[PDB]
K.L.:
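The structure follows.
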2 protein chains.
Amino acid sequence: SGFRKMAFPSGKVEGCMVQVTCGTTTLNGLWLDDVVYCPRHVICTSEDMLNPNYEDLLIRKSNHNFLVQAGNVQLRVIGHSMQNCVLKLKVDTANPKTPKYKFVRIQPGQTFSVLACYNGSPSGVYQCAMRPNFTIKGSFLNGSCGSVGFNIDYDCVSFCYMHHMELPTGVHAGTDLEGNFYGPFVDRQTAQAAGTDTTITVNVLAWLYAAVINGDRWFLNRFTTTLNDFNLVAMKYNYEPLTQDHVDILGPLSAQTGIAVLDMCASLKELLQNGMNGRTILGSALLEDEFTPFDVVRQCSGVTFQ
Amino acid sequence: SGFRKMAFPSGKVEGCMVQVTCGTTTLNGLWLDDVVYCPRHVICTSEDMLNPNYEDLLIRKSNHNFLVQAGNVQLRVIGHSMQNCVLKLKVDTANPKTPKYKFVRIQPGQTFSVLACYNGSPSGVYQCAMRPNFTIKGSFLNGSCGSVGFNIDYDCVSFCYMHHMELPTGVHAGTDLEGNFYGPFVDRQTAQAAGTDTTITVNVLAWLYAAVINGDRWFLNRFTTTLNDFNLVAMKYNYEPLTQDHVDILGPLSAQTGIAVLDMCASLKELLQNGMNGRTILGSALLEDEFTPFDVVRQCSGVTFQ
Ligand SMILES: N#Cc1ccccc1C[C@@H](N)C(=O)N[C@H](Cc1ccc(Cl)cc1Cl)C(=O)N[C@H](CC(=O)NCCCNc1nnc(N)[nH]1)Cc1ccc(F)cc1
Ligand SMILES: N#Cc1ccccc1C[C@@H](N)C(=O)N[C@H](Cc1ccc(Cl)cc1Cl)C(=O)N[C@H](CC(=O)NCCCNc1nnc(N)[nH]1)Cc1ccc(F)cc1
């Protein structure tokens, strides 16, 4: 029993974190085989950040301008290239701790574990969702940039996020590991605004199923809804539209609990219209949207507590 | 910016998790140097669990009855002993991945990271507090027993919890790594009840300071309280009494924010008496009590956002 925001075990990623320094700028990098990946704005000085021309900045650099430190050993940079907003530093030593890995670009609504790092040393691990507006609500301080987000599947690490900046509103923006930003953002020190965010409906439904699996049913009701009528309520409360694909993805949880997806939608509709009236679900007084259906299946029992 | 429940990086503990099997009972063990630590009820059959005499059960066992598996290698048990409710299996191989470590018995109100494991394989990491009634609100399924809780300080792992059982109410009970239960519990399969729980007042205050550091002040007020008058309100709302020791521990956070501890107590009093009126603090609609003052200092900026 129980239900917690649960990160993946971080050891396979810990062994890949390094420190990258150029001039007086230091941030984190990801060392896989003989390549170190890091945000390209490491090459900027504080004045370069306002409006940098990165190609003009990088051509003025040499391999030996980059200082890469893995624990207490320096790695010699023997080549460098830029791929979108990530810098790739070829080093003379392959990381002996390289896990099986993939780079993946995730969809909004998906979750991942963040290994927050400072000066190449891991400090903590927590779970994040990619918001519909392509920000994440992380916990990051100066020096965190280059920290990565990941999922793990049978000892393969799928890296999906590299941290690049905190926006003026205090939420966070970054790239896939091939250097493409999530969302409309660019890597320059300008005040950039995210689009208006929405609540991840399929995730709230997954979390309601988690609550039922764990033995709680107080929010259920005898009603059902059509998909169309549910989405009319969803729009009113700034929830993302629920698609038939979402309904299909919730199939297994519906089958395990015996609660049809559109019946759980009717529960959610009632919760949105009436509130919780002082009650909690899985210890929360708000409707939680940062658990995917996969996250629920991963953590909850495979048999519902009746 | 941001504030999340943040676990310690788990790699140093991952390399210590093994599987222990006796008869048809399999659970997790902790492999440090040439000793494997695990819950002693691994030696019980399903019938032994009702009321076991562990000394009588253990004297009937031989070293070779214990099967210890570390990944895909078997460790030979060359001795065994019982220390309170933990079994210590001496094996013929020292763990090459043993971190610097200590065993510590924590006080209620302290937090730790849990590495949830099944069949000796880590599955997830999350943060827990030891409740005032000496349970934890974990997330655990069958096979999790022997999973450990820990804190890390400058590459030293302080192990403080080993998981032994889920109570009828779905909360969790366990021991320190020397086998002494937290709370009044015993390791037998009987319905055991925890004492009535309370809210960890010093932790709620720490979390209010975290909110101020992150830039939010809406809950502050112009009032102050005496310690005695605050604790009269604390008792009404099932909060633990606040001691002068707690006030001292909050000293650094008070100094960083410029908010006296007894002034923050007056904010908390108003929040308890009036509720939040539809507002949130650090994204929560409830008052959070599973962040210690240390947890806040560890994660938040050292300079308040004014
Ligand atoms: N993670 C992180 C982090 C956090 C703090 C400091 C440093 C870092 C890592 C570091 N690498 C980082 O992100 N630096 C960026 C600057 C940067 C470097 C490089 C590139 Cl390519 C792009 C960028 Cl934008 C940075 O300084 N951003 C600040 C963070 C801030 O001041 N936050 C407090 C207010 C939160 N909002 C709030 N609080 N309360 C209310 N009600 N609202 C916001 C900003 C301000 C002007 C601006 F024009 C753009 C952005
Ligand atoms: N972690 C964990 C875990 C979770 C499930 C299964 C297995 C494990 C690990 C495994 N090692 C474990 O803990 N087994 C224990 C049995 C045990 C083994 C050895 C020793 Cl020394 C001591 C003990 Cl007690 C066990 O089966 N406990 C069940 C768990 C249960 O059935 N939970 C569903 C209800 C939650 N409550 C609720 N849900 N909804 C509402 N409103 N209330 C509770 C119980 C039931 C009778 C009883 F007499 C004592 C305790």
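In what follows, every chain begins at residue 1, and chains take the letters A, B, ... in the order their sequences are listed. All values below come from the heavy atoms of this structure, side chains included, with hydrogens, waters and symmetry mates left out.
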K.L.:
Has A:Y209 got a side-chain atom pairing as donor or acceptor with A:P252's backbone, closer than 3.5 angstrom?
P.N.:
no
K.L.:
Name the region of B:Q299, side chain, backbone, both or neither, that has any atom closer than 4.5 Å to a heavy atom of chain A.
P.N.:
both
K.L.:
Is there a side-chain contact (heavy atoms from CB on, under 4.5 Å) between A:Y239 and A:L287 once you walk through the steps?
P.N.:
CA-CA 11 Å; A:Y239 273 52; A:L287 301 173; 3.3 Å; yes
K.L.:
Could you tell me if A:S121 and A:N119 have a donor-acceptor pair between their side chains, going purely by distance under 3.5 Å?
P.N.:
no
K.L.:
Nearest 0.5 angstrom please: B:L32 CG to B:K100 NZ, how far?
P.N.:
14.5 Å
K.L.:
Please output the residues of residues 158-170 of chain A in contact with chain B, using a heavy-atom cutoff of under 4.5 Å, in numerical order.
P.N.:
A:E166, A:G170
K.L.:
Nearest 0.5 Å, please: how far is CG in B:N238 from OG1 in B:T201?
P.N.:
9.0 Å
K.L.:
Count the heavy-atom pairs under 4.5 Å between each of A:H172, A:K5, A:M6 and chain B, then report the option with the highest count.
P.N.:
A:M6
K.L.:
With rounding to the nearest 0.5 Å, note down the distance linking CG in A:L115 to OG in A:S144.
P.N.:
11.5 Å
K.L.:
Which one, A:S301, A:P122, A:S123, A:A285, leads in non-hydrogen pairs under 4.5 Å with chain B?
P.N.:
A:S123
K.L.:
Go through B:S10, B:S284, B:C128, B:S113 and name the one with the most non-hydrogen pairs under 4.5 angstrom from chain A.
P.N.:
B:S10
K.L.:
Testing B:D289, B:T198, B:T199 for side-chain hydrogen bond (donor to acceptor under 3.5 Å, both in side chains) with B:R131, which one passes?
P.N.:
B:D289
K.L.:
For the atom pair CG (B:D216) and CG (B:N214), what is the distance rounded to the nearest 0.5 Å?
P.N.:
8.0 Å
